[PDB]
Amino acid sequence: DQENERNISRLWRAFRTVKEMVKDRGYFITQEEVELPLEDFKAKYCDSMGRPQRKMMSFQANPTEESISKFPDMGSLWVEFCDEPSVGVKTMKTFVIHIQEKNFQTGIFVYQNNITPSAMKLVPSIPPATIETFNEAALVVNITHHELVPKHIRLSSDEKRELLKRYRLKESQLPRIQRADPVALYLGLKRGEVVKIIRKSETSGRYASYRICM
Amino acid sequence: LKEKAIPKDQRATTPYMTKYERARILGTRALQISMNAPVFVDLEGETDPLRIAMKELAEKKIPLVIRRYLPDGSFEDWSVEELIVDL
């Protein structure tokens, strides 16, 4: 057993959360793809003896028919897992070009321990494509799932325009959310994008607030 | 701009009168009555300007209009006559 079993259980816990988040973003992921048990996970991505083989785990995802009605320009997302704890500019440039060639809209990187500042230079380097950096260790638990974390909903250019029009608002007057906010990273909120937050209330049953990105 | 004025059709504010509006119309009218302004109600032996203004308000014979401004500056003009006084 030792501690390799715990690193396997932990990698799997963080994997379910990537699947959860890629679905929650608007992509097509089955409940079966999410609720993939630990034994089945080992079976798929474990080498000659039984250690984790992250290189294989890397997967593309496509928008649901619903996502293309609200955000038609929201293209395909690529998720990448690296078997190297430290990710260097050499292994990074491989990924950056893969997203360029496959004409990908967004790309997510799940690094084990760190990404070298040399590799980090390549993140904004290829627009329109946007690259996301996620620490494998942070993804173990889905924060969105917590008691206190309410439901955040990304609003289309139209949904936002309507909101400001219906409340006679300037983009400023709106309550703000940080671009670095755990939920904003989860939903991959870009600056300007408005989020609608639905929480329960002890005064009304439900209450809806809105938060503009920064 | 005079896009500032919101038209009669399309008006969102309470069809009821605010506690503050009442206090201010009553006061405004009392002060005007008090400085010998014309009284639109039959003062049935009445002599106190506030009471005369409360008599004016109950009969809805107050010629004033509330310009209710919104956070952007646009306003809805409501009349003392047309405002419900549930208070």
# chains A, B, ... in the order shown; residues from 1 in each chain; ligands from 1
$ interface_residues --of "chain A" --to "chain B" --cutoff "12 Å" --atoms "only C-alpha atoms" --output "number ranges by chain"
A: 164-170, 173
$ write_last_selection --atoms "N, CA and C atoms" --output "short mmCIF file (atom, residue, chain, number, x, y, z; two decimals), in the first residue's frame"
data_model
loop_
_atom_site.label_atom_id
_atom_site.label_comp_id
_atom_site.auth_asym_id
_atom_site.auth_seq_id
_atom_site.Cartn_x
_atom_site.Cartn_y
_atom_site.Cartn_z
N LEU A 164 -27.85 45.45 -17.35
CA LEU A 164 -27.48 46.84 -17.19
C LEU A 164 -28.58 47.76 -17.67
N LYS A 165 -29.26 47.38 -18.79
CA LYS A 165 -30.39 48.14 -19.35
C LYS A 165 -31.59 48.14 -18.41
N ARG A 166 -31.91 46.97 -17.82
CA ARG A 166 -33.05 46.77 -16.93
C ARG A 166 -32.87 47.36 -15.54
N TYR A 167 -31.62 47.62 -15.12
CA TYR A 167 -31.36 48.23 -13.82
C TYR A 167 -30.79 49.66 -13.94
N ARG A 168 -30.68 50.21 -15.19
CA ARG A 168 -30.13 51.55 -15.52
C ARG A 168 -28.69 51.67 -14.93
N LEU A 169 -27.90 50.63 -15.15
CA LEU A 169 -26.56 50.55 -14.61
C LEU A 169 -25.46 50.84 -15.59
N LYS A 170 -24.33 51.31 -15.03
CA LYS A 170 -23.03 51.48 -15.67
C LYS A 170 -22.30 50.23 -15.22
N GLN A 173 -21.20 50.48 -11.31
CA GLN A 173 -22.29 50.34 -10.33
C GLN A 173 -22.57 48.90 -9.89
#
$ residues_around --residues "residue 81 of chain B" --least-positions-apart "6" --cutoff "8 Å" --atoms "only C-alpha atoms" --output "NGL selection string"
:B and (60-63)
$ select_by_dssp --residues "chain B" --states "strand (DSSP E)" --output "ChimeraX atom specification"
/B:65-69,75-79
$ residues_around --residues "segment 24-39 of chain B" --least-positions-apart "4" --cutoff "10 Å" --atoms "only C-alpha atoms" --output "ChimeraX atom specification"
/B:18-20,43,47-57,61-66,80
$ residues_around --residues "residue 69 of chain A" --least-positions-apart "5" --cutoff "12 Å" --atoms "only C-alpha atoms" --output "list in words"
residues 26, 63, 64, 74 and 156 of chain A
$ atom_distance --atom1 "atom CA of residue 151 of chain A" --atom2 "atom CA of residue 204 of chain A"
16.7 Å
$ select_by_dssp --residues "segment 6-81 of chain B" --states "alpha helix (DSSP H)" --output "list in words"
residues 19, 20, 21, 22, 23, 24, 25, 26, 27, 28, 29, 30, 31, 32, 33, 34, 49, 50, 51, 52, 53, 54, 55, 56, 57 and 58 of chain B
$ write_last_selection --atoms "N, CA, C and O atoms" --output "short mmCIF file (atom, residue, chain, number, x, y, z; two decimals), in the first residue's frame"
data_model
loop_
_atom_site.label_atom_id
_atom_site.label_comp_id
_atom_site.auth_asym_id
_atom_site.auth_seq_id
_atom_site.Cartn_x
_atom_site.Cartn_y
_atom_site.Cartn_z
N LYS B 19 -43.88 57.40 2.96
CA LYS B 19 -44.10 58.03 4.27
C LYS B 19 -43.50 59.42 4.33
O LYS B 19 -44.06 60.31 4.99
N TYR B 20 -42.42 59.59 3.56
CA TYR B 20 -41.65 60.81 3.36
C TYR B 20 -42.40 61.78 2.44
O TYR B 20 -42.45 62.98 2.77
N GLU B 21 -43.00 61.27 1.33
CA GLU B 21 -43.78 62.11 0.42
C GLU B 21 -44.90 62.75 1.21
O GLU B 21 -44.92 63.96 1.29
N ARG B 22 -45.73 61.95 1.90
CA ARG B 22 -46.83 62.44 2.75
C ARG B 22 -46.38 63.56 3.69
O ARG B 22 -46.95 64.65 3.66
N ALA B 23 -45.34 63.29 4.49
CA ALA B 23 -44.75 64.25 5.41
C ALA B 23 -44.32 65.54 4.67
O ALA B 23 -44.61 66.65 5.15
N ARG B 24 -43.70 65.40 3.48
CA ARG B 24 -43.29 66.58 2.71
C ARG B 24 -44.46 67.29 2.00
O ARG B 24 -44.46 68.52 1.98
N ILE B 25 -45.44 66.57 1.43
CA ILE B 25 -46.55 67.27 0.79
C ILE B 25 -47.29 67.99 1.90
O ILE B 25 -47.39 69.21 1.83
N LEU B 26 -47.64 67.27 2.99
CA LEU B 26 -48.31 67.88 4.13
C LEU B 26 -47.60 69.12 4.64
O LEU B 26 -48.26 70.16 4.79
N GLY B 27 -46.29 69.04 4.81
CA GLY B 27 -45.48 70.17 5.24
C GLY B 27 -45.46 71.32 4.26
O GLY B 27 -45.72 72.47 4.63
N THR B 28 -45.17 71.01 3.00
CA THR B 28 -45.05 71.97 1.91
C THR B 28 -46.35 72.77 1.80
O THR B 28 -46.31 74.00 1.84
N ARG B 29 -47.48 72.06 1.75
CA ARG B 29 -48.80 72.67 1.69
C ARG B 29 -49.14 73.49 2.94
O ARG B 29 -49.70 74.58 2.81
N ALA B 30 -48.75 73.00 4.13
CA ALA B 30 -48.96 73.69 5.41
C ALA B 30 -48.25 75.02 5.41
O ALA B 30 -48.84 76.04 5.75
N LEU B 31 -46.99 75.01 4.98
CA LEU B 31 -46.12 76.17 4.88
C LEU B 31 -46.69 77.15 3.90
O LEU B 31 -46.65 78.35 4.17
N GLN B 32 -47.20 76.67 2.74
CA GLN B 32 -47.80 77.54 1.72
C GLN B 32 -49.10 78.16 2.26
O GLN B 32 -49.25 79.39 2.18
N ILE B 33 -50.02 77.32 2.86
CA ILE B 33 -51.29 77.74 3.49
C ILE B 33 -50.97 78.84 4.52
O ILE B 33 -51.61 79.91 4.50
N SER B 34 -49.93 78.57 5.34
CA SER B 34 -49.43 79.41 6.41
C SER B 34 -48.95 80.74 5.93
O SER B 34 -49.03 81.69 6.70
N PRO B 49 -52.70 75.39 9.77
CA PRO B 49 -52.23 75.07 8.42
C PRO B 49 -51.94 73.61 8.19
O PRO B 49 -52.28 73.12 7.12
N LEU B 50 -51.40 72.88 9.18
CA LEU B 50 -51.20 71.46 8.94
C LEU B 50 -52.52 70.73 8.82
O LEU B 50 -52.67 69.94 7.89
N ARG B 51 -53.50 71.05 9.66
CA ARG B 51 -54.81 70.42 9.63
C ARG B 51 -55.55 70.73 8.35
O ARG B 51 -56.17 69.83 7.78
N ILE B 52 -55.41 71.98 7.88
CA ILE B 52 -55.99 72.45 6.61
C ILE B 52 -55.36 71.67 5.46
O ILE B 52 -56.08 71.27 4.54
N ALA B 53 -54.03 71.42 5.53
CA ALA B 53 -53.32 70.65 4.51
C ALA B 53 -53.71 69.18 4.59
O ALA B 53 -53.83 68.55 3.54
N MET B 54 -53.98 68.65 5.79
CA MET B 54 -54.42 67.26 5.92
C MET B 54 -55.85 67.10 5.35
O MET B 54 -56.16 66.06 4.74
N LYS B 55 -56.68 68.17 5.50
CA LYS B 55 -58.01 68.26 4.93
C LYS B 55 -57.87 68.33 3.40
O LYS B 55 -58.55 67.59 2.69
N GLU B 56 -56.93 69.16 2.90
CA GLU B 56 -56.64 69.27 1.48
C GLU B 56 -56.26 67.90 0.91
O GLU B 56 -56.86 67.49 -0.08
N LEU B 57 -55.36 67.16 1.60
CA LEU B 57 -54.87 65.84 1.20
C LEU B 57 -55.93 64.75 1.20
O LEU B 57 -55.95 63.92 0.29
N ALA B 58 -56.78 64.74 2.21
CA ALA B 58 -57.84 63.74 2.26
C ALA B 58 -58.82 63.92 1.09
O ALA B 58 -59.25 62.94 0.49
#
$ atom_distance --atom1 "atom CA of residue 79 of chain A" --atom2 "atom CA of residue 159 of chain A"
28.0 Å
$ atom_distance --atom1 "atom CA of residue 211 of chain A" --atom2 "atom CA of residue 197 of chain A"
7.5 Å
$ closest_residue --among "A:71, A:109, A:186, A:207" --to "residue 157 of chain A" --atoms "only C-alpha atoms"
A:71
$ decode --residues "segment 39-58 of chain B" --atoms "N, CA and C atoms" --output "JSON list (two decimals), in the first residue's frame"
[["chain", "number", "residue", "atom", "x", "y", "z"],
["B", 39, "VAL", "N", -56.49, 78.28, -0.55],
["B", 39, "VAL", "CA", -56.92, 77.00, 0.01],
["B", 39, "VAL", "C", -58.05, 76.43, -0.86],
["B", 40, "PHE", "N", -57.83, 75.21, -1.40],
["B", 40, "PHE", "CA", -58.73, 74.52, -2.35],
["B", 40, "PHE", "C", -59.84, 73.67, -1.71],
["B", 41, "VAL", "N", -59.83, 73.57, -0.39],
["B", 41, "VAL", "CA", -60.81, 72.79, 0.34],
["B", 41, "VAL", "C", -61.69, 73.70, 1.15],
["B", 42, "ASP", "N", -62.90, 73.26, 1.43],
["B", 42, "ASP", "CA", -63.82, 74.00, 2.27],
["B", 42, "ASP", "C", -63.32, 73.82, 3.73],
["B", 43, "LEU", "N", -62.61, 74.82, 4.33],
["B", 43, "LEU", "CA", -62.12, 74.65, 5.71],
["B", 43, "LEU", "C", -63.26, 74.74, 6.66],
["B", 44, "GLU", "N", -63.70, 73.59, 7.12],
["B", 44, "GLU", "CA", -64.87, 73.51, 7.97],
["B", 44, "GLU", "C", -64.52, 73.95, 9.39],
["B", 45, "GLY", "N", -64.39, 75.26, 9.55],
["B", 45, "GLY", "CA", -64.02, 75.91, 10.81],
["B", 45, "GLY", "C", -62.56, 75.72, 11.16],
["B", 46, "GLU", "N", -61.79, 75.09, 10.24],
["B", 46, "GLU", "CA", -60.37, 74.77, 10.40],
["B", 46, "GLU", "C", -59.48, 76.01, 10.42],
["B", 47, "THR", "N", -58.39, 75.97, 11.22],
["B", 47, "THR", "CA", -57.51, 77.12, 11.40],
["B", 47, "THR", "C", -56.02, 76.81, 11.41],
["B", 48, "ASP", "N", -55.62, 75.55, 11.70],
["B", 48, "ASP", "CA", -54.20, 75.15, 11.70],
["B", 48, "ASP", "C", -53.76, 74.74, 10.31],
["B", 49, "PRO", "N", -52.70, 75.39, 9.77],
["B", 49, "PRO", "CA", -52.23, 75.07, 8.42],
["B", 49, "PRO", "C", -51.94, 73.61, 8.19],
["B", 50, "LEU", "N", -51.40, 72.88, 9.18],
["B", 50, "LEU", "CA", -51.20, 71.46, 8.94],
["B", 50, "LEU", "C", -52.52, 70.73, 8.82],
["B", 51, "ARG", "N", -53.50, 71.05, 9.66],
["B", 51, "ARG", "CA", -54.81, 70.42, 9.63],
["B", 51, "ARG", "C", -55.55, 70.73, 8.35],
["B", 52, "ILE", "N", -55.41, 71.98, 7.88],
["B", 52, "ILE", "CA", -55.99, 72.45, 6.61],
["B", 52, "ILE", "C", -55.36, 71.67, 5.46],
["B", 53, "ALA", "N", -54.03, 71.42, 5.53],
["B", 53, "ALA", "CA", -53.32, 70.65, 4.51],
["B", 53, "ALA", "C", -53.71, 69.18, 4.59],
["B", 54, "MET", "N", -53.98, 68.65, 5.79],
["B", 54, "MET", "CA", -54.42, 67.26, 5.92],
["B", 54, "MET", "C", -55.85, 67.10, 5.35],
["B", 55, "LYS", "N", -56.68, 68.17, 5.50],
["B", 55, "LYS", "CA", -58.01, 68.26, 4.93],
["B", 55, "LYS", "C", -57.87, 68.33, 3.40],
["B", 56, "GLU", "N", -56.93, 69.16, 2.90],
["B", 56, "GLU", "CA", -56.64, 69.27, 1.48],
["B", 56, "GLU", "C", -56.26, 67.90, 0.91],
["B", 57, "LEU", "N", -55.36, 67.16, 1.60],
["B", 57, "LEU", "CA", -54.87, 65.84, 1.20],
["B", 57, "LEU", "C", -55.93, 64.75, 1.20],
["B", 58, "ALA", "N", -56.78, 64.74, 2.21],
["B", 58, "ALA", "CA", -57.84, 63.74, 2.26],
["B", 58, "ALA", "C", -58.82, 63.92, 1.09]]
